[PDB]
Amino acid sequence: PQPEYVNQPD
Amino acid sequence: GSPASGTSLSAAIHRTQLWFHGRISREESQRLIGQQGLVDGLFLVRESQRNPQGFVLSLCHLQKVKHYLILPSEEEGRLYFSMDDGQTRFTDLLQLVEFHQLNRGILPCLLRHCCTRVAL
């Protein structure tokens with residue numbers, strides 16, 4: 001699945 | 001029926017593990033928290049026992065759901081955070097005391113937070 005994180009998605 | 005005491009307490013909502021989990025990684029938690037479509041702020045503070053550095057703030061917004069963890073505690077700050085409108089790279093629990101009434105939201109449409117379900 002996507003998106004992963006924040007600061008990005010990693 | 002069971003007995004109870006009359007004692008009461010004035011403490012905040014985030015005073016127990018009631019909104020805290022650490023084995024519902026970003027790919028799984030977006031499947032369960034993503035069937036919802038509420039204001040930008042329907043969040044949880046969960047992580048994974050899989051990403052080796054995870055402490056995420058996880059928002060449920062009005063078009064998608066996203067997670068906010070990349071870096072652990074540093075020496076040039078505390079728990080690190082860098083979102084384009086949220087460079088919150090210090091201990092989030094100390095900032096939560098200020099954010100309590102008017103939070104920072106997700107990359108934003110609305111900004112105040114509320115508490116969301118862990119299950120589907």
# chains A, B, ... in the order shown; residues from 1 in each chain; ligands from 1
>>> closest_atom_pairs(of="chain B", to="chain A", cutoff="10 Å", atoms="only C-alpha atoms", output="tab-separated table")
residue	atom	partner	partner_atom	distance
B:25	CA	A:4	CA	9.2
B:26	CA	A:4	CA	5.8
B:27	CA	A:1	CA	5.2
B:28	CA	A:1	CA	8.0
B:30	CA	A:1	CA	8.4
B:31	CA	A:1	CA	8.6
B:56	CA	A:5	CA	8.5
B:57	CA	A:6	CA	9.5
B:58	CA	A:5	CA	9.2
B:64	CA	A:3	CA	9.6
B:65	CA	A:3	CA	8.8
B:66	CA	A:5	CA	6.6
B:67	CA	A:5	CA	4.9
B:68	CA	A:6	CA	4.6
B:69	CA	A:5	CA	6.0
B:70	CA	A:7	CA	6.3
B:71	CA	A:7	CA	8.7
B:80	CA	A:7	CA	8.9
B:81	CA	A:7	CA	6.2
B:82	CA	A:7	CA	4.6
B:83	CA	A:7	CA	4.6
B:84	CA	A:7	CA	7.6
B:86	CA	A:7	CA	8.8
B:87	CA	A:7	CA	8.4
B:88	CA	A:7	CA	10.0
B:106	CA	A:6	CA	9.7
B:107	CA	A:6	CA	9.7
>>> atom_distance(atom1="CA of residue 37 (chain B)", atom2="CA of residue 62 (chain B)")
5.1 Å
>>> select_by_dssp(residues="chain B", states="alpha helix (DSSP H)", output="ChimeraX atom specification")
/B:26-32,92-99
>>> write_last_selection(atoms="N, CA and C atoms", output="PDB file, in the first residue's frame")
ATOM      1  N   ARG B  26       2.011   1.631   8.970  1.00  0.00           N
ATOM      2  CA  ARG B  26       1.433   2.592   8.004  1.00  0.00           C
ATOM      3  C   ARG B  26       0.616   2.007   6.842  1.00  0.00           C
ATOM      4  N   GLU B  27       1.012   0.847   6.320  1.00  0.00           N
ATOM      5  CA  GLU B  27       0.301   0.157   5.232  1.00  0.00           C
ATOM      6  C   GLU B  27      -0.995  -0.539   5.695  1.00  0.00           C
ATOM      7  N   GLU B  28      -1.028  -1.060   6.928  1.00  0.00           N
ATOM      8  CA  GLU B  28      -2.221  -1.655   7.548  1.00  0.00           C
ATOM      9  C   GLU B  28      -3.157  -0.597   8.144  1.00  0.00           C
ATOM     10  N   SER B  29      -2.627   0.370   8.898  1.00  0.00           N
ATOM     11  CA  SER B  29      -3.469   1.381   9.552  1.00  0.00           C
ATOM     12  C   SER B  29      -4.211   2.261   8.545  1.00  0.00           C
ATOM     13  N   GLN B  30      -3.652   2.527   7.357  1.00  0.00           N
ATOM     14  CA  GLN B  30      -4.381   3.271   6.317  1.00  0.00           C
ATOM     15  C   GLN B  30      -5.535   2.469   5.673  1.00  0.00           C
ATOM     16  N   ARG B  31      -5.569   1.136   5.836  1.00  0.00           N
ATOM     17  CA  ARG B  31      -6.675   0.274   5.370  1.00  0.00           C
ATOM     18  C   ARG B  31      -7.866   0.308   6.340  1.00  0.00           C
ATOM     19  N   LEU B  32      -7.603   0.412   7.650  1.00  0.00           N
ATOM     20  CA  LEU B  32      -8.629   0.449   8.708  1.00  0.00           C
ATOM     21  C   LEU B  32      -9.114   1.880   9.014  1.00  0.00           C
ATOM     22  N   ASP B  92       6.573  15.550  20.961  1.00  0.00           N
ATOM     23  CA  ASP B  92       5.192  15.887  20.591  1.00  0.00           C
ATOM     24  C   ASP B  92       4.268  15.973  21.809  1.00  0.00           C
ATOM     25  N   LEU B  93       4.518  15.161  22.845  1.00  0.00           N
ATOM     26  CA  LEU B  93       3.739  15.172  24.088  1.00  0.00           C
ATOM     27  C   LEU B  93       3.842  16.506  24.851  1.00  0.00           C
ATOM     28  N   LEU B  94       4.995  17.184  24.788  1.00  0.00           N
ATOM     29  CA  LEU B  94       5.181  18.511  25.395  1.00  0.00           C
ATOM     30  C   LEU B  94       4.475  19.606  24.577  1.00  0.00           C
ATOM     31  N   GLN B  95       4.488  19.496  23.244  1.00  0.00           N
ATOM     32  CA  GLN B  95       3.761  20.401  22.340  1.00  0.00           C
ATOM     33  C   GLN B  95       2.234  20.179  22.356  1.00  0.00           C
ATOM     34  N   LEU B  96       1.760  18.961  22.638  1.00  0.00           N
ATOM     35  CA  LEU B  96       0.335  18.607  22.732  1.00  0.00           C
ATOM     36  C   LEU B  96      -0.405  19.457  23.778  1.00  0.00           C
ATOM     37  N   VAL B  97       0.263  19.833  24.875  1.00  0.00           N
ATOM     38  CA  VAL B  97      -0.286  20.736  25.910  1.00  0.00           C
ATOM     39  C   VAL B  97      -0.730  22.085  25.314  1.00  0.00           C
ATOM     40  N   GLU B  98       0.038  22.634  24.367  1.00  0.00           N
ATOM     41  CA  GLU B  98      -0.302  23.857  23.625  1.00  0.00           C
ATOM     42  C   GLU B  98      -1.285  23.577  22.475  1.00  0.00           C
ATOM     43  N   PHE B  99      -1.034  22.546  21.662  1.00  0.00           N
ATOM     44  CA  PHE B  99      -1.901  22.196  20.527  1.00  0.00           C
ATOM     45  C   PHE B  99      -3.315  21.727  20.922  1.00  0.00           C
TER      46      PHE B  99
END
>>> residues_around(residues="residue 17 (chain B)", least_positions_apart="6", cutoff="12 Å", atoms="only C-alpha atoms", output="PyMOL selection string")
chain B and resi 44-46
>>> decode(residues="chain A", atoms="N, CA, C and O atoms", output="compact mmCIF listing (two decimals), in the first residue's frame")
# COMPACT_ATOMS: atom_id res chain seq x y z
N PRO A 1 0.80 -1.24 0.00
CA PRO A 1 0.00 0.00 0.00
C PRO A 1 0.83 1.30 0.00
O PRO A 1 2.02 1.28 0.33
N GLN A 2 0.22 2.41 -0.40
CA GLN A 2 0.84 3.75 -0.48
C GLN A 2 -0.20 4.88 -0.26
O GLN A 2 -1.39 4.66 -0.51
N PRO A 3 0.22 6.09 0.17
CA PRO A 3 1.57 6.50 0.58
C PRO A 3 1.96 5.95 1.96
O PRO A 3 1.10 5.57 2.75
N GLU A 4 3.26 5.93 2.27
CA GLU A 4 3.78 5.50 3.58
C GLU A 4 3.73 6.60 4.66
O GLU A 4 2.71 6.76 5.33
N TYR A 5 4.81 7.37 4.81
CA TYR A 5 4.98 8.38 5.85
C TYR A 5 4.87 9.88 5.42
O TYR A 5 4.39 10.22 4.34
N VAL A 6 5.28 10.78 6.31
CA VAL A 6 5.41 12.26 6.21
C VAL A 6 6.63 12.51 7.05
O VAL A 6 6.90 11.90 8.07
N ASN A 7 7.31 13.44 6.44
CA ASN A 7 8.60 14.07 6.50
C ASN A 7 8.94 13.70 4.99
O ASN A 7 9.62 14.46 4.31
N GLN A 8 8.35 12.57 4.46
CA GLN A 8 8.27 12.10 3.11
C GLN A 8 6.83 11.70 2.62
O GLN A 8 5.95 12.55 2.78
N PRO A 9 6.58 10.59 1.89
CA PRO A 9 6.57 9.21 2.42
C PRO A 9 7.92 8.51 2.33
O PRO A 9 8.48 8.36 1.24
N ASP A 10 8.39 8.09 3.51
CA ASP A 10 9.71 7.52 3.80
C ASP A 10 10.49 6.88 2.62
O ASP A 10 11.52 7.46 2.20
